[PDB]
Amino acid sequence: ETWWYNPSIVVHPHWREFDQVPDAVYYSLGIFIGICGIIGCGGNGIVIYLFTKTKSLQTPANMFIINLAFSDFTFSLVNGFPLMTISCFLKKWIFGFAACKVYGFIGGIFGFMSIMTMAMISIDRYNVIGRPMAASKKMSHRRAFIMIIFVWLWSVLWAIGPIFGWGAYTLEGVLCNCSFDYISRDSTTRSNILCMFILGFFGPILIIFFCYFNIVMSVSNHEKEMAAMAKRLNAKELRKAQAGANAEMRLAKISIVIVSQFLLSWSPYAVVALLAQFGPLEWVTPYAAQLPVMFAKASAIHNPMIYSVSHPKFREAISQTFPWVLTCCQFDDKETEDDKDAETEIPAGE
C-alpha cells in the first residue's frame, strides 16, 4: 500500500509522506556512490600502498596520513558498493537492520576519524612549523602511535552511541542508505546529536584552527628568526635550512586543503541535519537530505587526489609505480629538489 516499505527497518514517518523520487534518481545515486567506492578505495589503497612501501615517505607523521587513508578507504568501501549502490538499483534497502546499523556506525566512526586524524596532522604541523626553529619538534613513532590510539578511541566513542540506544542509525533520504537519527527530537537522541556534533565534529575543528592560526601567528615570528640566525655566521648551508621550511610549509599547506575539503564536504549535510533536529522539518525533504549527504560521502575520496597533484615525494612515488595515473599531472624531478637540500646533510660544517 506504500513504496517506502522496509520489512527490516521502521522508516521514520517523515520520509513516508513524500513521493518516491524518480527511477533515474535511484539509478544515478547508485552509479554515483558506486564510483565513490572505486575512486575512494582505489585512491586510498594507492596512498596506503605507496606510503608504507616508499622509504622516502617513511616518517612518523606520515603514519597519520596512512591512518587517514585507511579511514577513507573503509568509508568508501562500506558506504558505496554493495550496501548502498545495490539498494539504489532495487529502490530499497535489502540488507536488514543490522547491516543498516553497521553501515551508519562505520559511516560516522570514520567520518569523525578523518577529521580527528587531520587534527593530529595539524598538531604535527604546529610542532615543526608553528613553534620556532629553535624548538621545532619532529613527530616520533611513539608520539604518533599513541596519537592514533586517541583517534581510534575517540572516533568509536562518538559514533557508537546509537549502537547502544543513545541515538540511532536508521534509513534516511530516499531510503537506500543509513545514518544517525536527526529527526526524532527526544532527549536521548538530542544529546547524542549535540554530542556527535560538538565532540566528534566541533572538537577536532578547534584543534585545527588553534594549530593553523598558531602557524600563521608565527609566520613572522619565524620570518625574523630566520634572519637572526641567517647573518649569525650561517654559510651557504643556510640554504639547506631554508628548503626544509619550504618543504614543511608545503605539507602544512596541503593539510589545510584536505581539511577544507572535509568541511566543505560535511557542512552542507551537518546543516540539513540540525535543521531537521531544530528547525523546519518541512525543509528536510528527500533531495534536501539526499544530495547533500552524497556530496558528504564522496569526501573520503578527495585526499588521494589532492596528494597526487600537490605532494612531491608521493607524486614521485606514483611516477615510479603507477605512473599512468599522473598523466594529466606529469611528474618532474625539480619537484623534489627542496627535499634534496633539506635532507642533504653538510658534513663537519664543510
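The numbering used is simple: start at 1 and walk along the sequence shown.
Averaged over their C-alpha atoms, the temperature factors of 250-258 and 134-142 are higher for 134-142. Here the stretch with the larger average CA B-factor, out of 61-69 and 317-325, is 317-325.
For the set 98, 176, 160, 215, the maximum C-alpha B-factor listed in the entry falls on 215.
The entry lists C-alpha B-factors for 242, 76, 265, 87, and the highest of these is at 242. When the CA B factors of the chain's modelled residues are split into thirds, the value for residue 170 lands in the lowest one. For residue 340, the recorded CA B-factor ranks within the highest third of the chain. Only modelled residues enter the ranking. In the deposited entry, the Cα temperature factor of residue 154 places it in the middle third of its chain's modelled residues. Among the modelled residues of the chain, residue 278 sits in the middle third by CA temperature factor in this PDB entry. Per the deposited record, the Cα B-factor of residue 164 falls in the middle third when ranked against the other modelled residues of its chain.
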